[PDB]
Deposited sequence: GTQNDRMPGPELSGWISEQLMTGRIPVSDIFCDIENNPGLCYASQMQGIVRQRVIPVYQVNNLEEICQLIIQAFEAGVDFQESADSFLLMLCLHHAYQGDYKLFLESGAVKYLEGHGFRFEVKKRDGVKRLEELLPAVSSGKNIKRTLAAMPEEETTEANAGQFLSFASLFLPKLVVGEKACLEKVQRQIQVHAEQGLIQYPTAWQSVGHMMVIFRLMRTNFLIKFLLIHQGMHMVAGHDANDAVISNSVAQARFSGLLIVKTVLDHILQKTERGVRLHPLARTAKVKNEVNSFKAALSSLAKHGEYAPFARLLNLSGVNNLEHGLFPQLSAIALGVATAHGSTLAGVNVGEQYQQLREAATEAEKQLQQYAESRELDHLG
């Protein structure tokens, strides 16, 4: 608050890094989120929804408007309760700052902040939650999942959404906003992670979505862990091929990456969704030998590991793992 005594902005402007028009216009930019305290929360939330349907890209206003939908739906308009919640505490530790802005007598979205001149919160939020299970997999996979689940939610009589929201157009708007916006992913995941009070069917949809999104983007590496873990009489050990000297570096890196994920506790299942620290170290392609061992074990039982591709350099190890497992199976079926 005051003058730029640092000299960073002046250096940036003088060297062509920030254009001159950004300050000399007719503003230049811990993330700050204004929390607009209004009297007609429900009316404002219906506007916010109408706006997202129209395709308004709120950019820096998205966080705030998404926050109001959640605050209305999950916290019943109780600003104080919301600002004290576990969700808000997590986000403050993650760099978010919440700043209340009392705003009386608002009848247009514009009064809060265009195309605005030219379906309840719960439904909007639950529709968005459908994107969680496969958001990180890709557009095609994600949208197909959404369409499939919409089939399921209807044939079960659970929840019906405007058919305008089911166009590829609209679905891509929500996909891109989910991809880009941490707050909405986090609040939906946080809600579905916990238990919720009431009889809103939307909340059951959200909880279901969050359940299906567990380990999303981590499913392949999880199945590799499964197939390199060995169930014995004396307990569970690491597959003995994974303890060979040529695999040692790989298993060291894996152990380290796996421990980083474990430090996120209850959030770990959503580490790829929320891009939590260290999660990029736990990508299956980084561990081609463990992957080969894993696929080897699977082949001996007639199974495949979708997403695992073992190159020729690792095929001998794959084949060795299959043979070790065949030998384990026959020496266990002998005692019978």
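- Stretches of the deposited sequence lacking C-alpha coordinates, numbered from 1: 1-7, 34-41, 45-51, 136-145, 151-158, 377-381.
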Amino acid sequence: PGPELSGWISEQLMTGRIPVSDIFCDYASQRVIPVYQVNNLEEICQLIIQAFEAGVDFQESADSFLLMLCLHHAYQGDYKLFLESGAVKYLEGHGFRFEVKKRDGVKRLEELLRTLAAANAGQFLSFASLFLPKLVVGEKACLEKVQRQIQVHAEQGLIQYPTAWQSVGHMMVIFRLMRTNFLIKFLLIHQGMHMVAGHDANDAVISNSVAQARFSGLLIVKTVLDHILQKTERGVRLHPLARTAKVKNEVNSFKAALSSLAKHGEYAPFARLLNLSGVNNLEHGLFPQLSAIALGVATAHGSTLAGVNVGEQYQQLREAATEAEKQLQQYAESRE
From here on, numbers count along this sequence of modelled residues.
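- On average the C-alpha atoms of 229-237 have higher B-factors than those of the other stretch, with 256-264 and 229-237 being the two compared.
- If you average the C-alpha B-factors over 210-218 and over 100-108, the higher value belongs to 100-108.
- Comparing the listed residues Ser126, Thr244, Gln156, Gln147, the entry records the largest Cα B-factor for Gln156.
- In the deposited coordinates, the residue among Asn281, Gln289, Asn275, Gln59 with the greatest CA B-factor is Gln59.
- Among the modelled residues of its chain, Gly55 has a C-alpha B-factor that falls in the highest third, as given in the PDB entry.
- Sorting the modelled residues of the chain by their CA temperature factor places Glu325 in the middle third.
- In this PDB entry, the Cα temperature factor of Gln166 sits in the middle third of its chain's modelled residues.
- Ranked by Cα temperature factor within the chain, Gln160 sits in the highest third according to the deposited record.
- Ranked by C-alpha B-factor against the other modelled residues of its chain, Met68 falls in the middle third.
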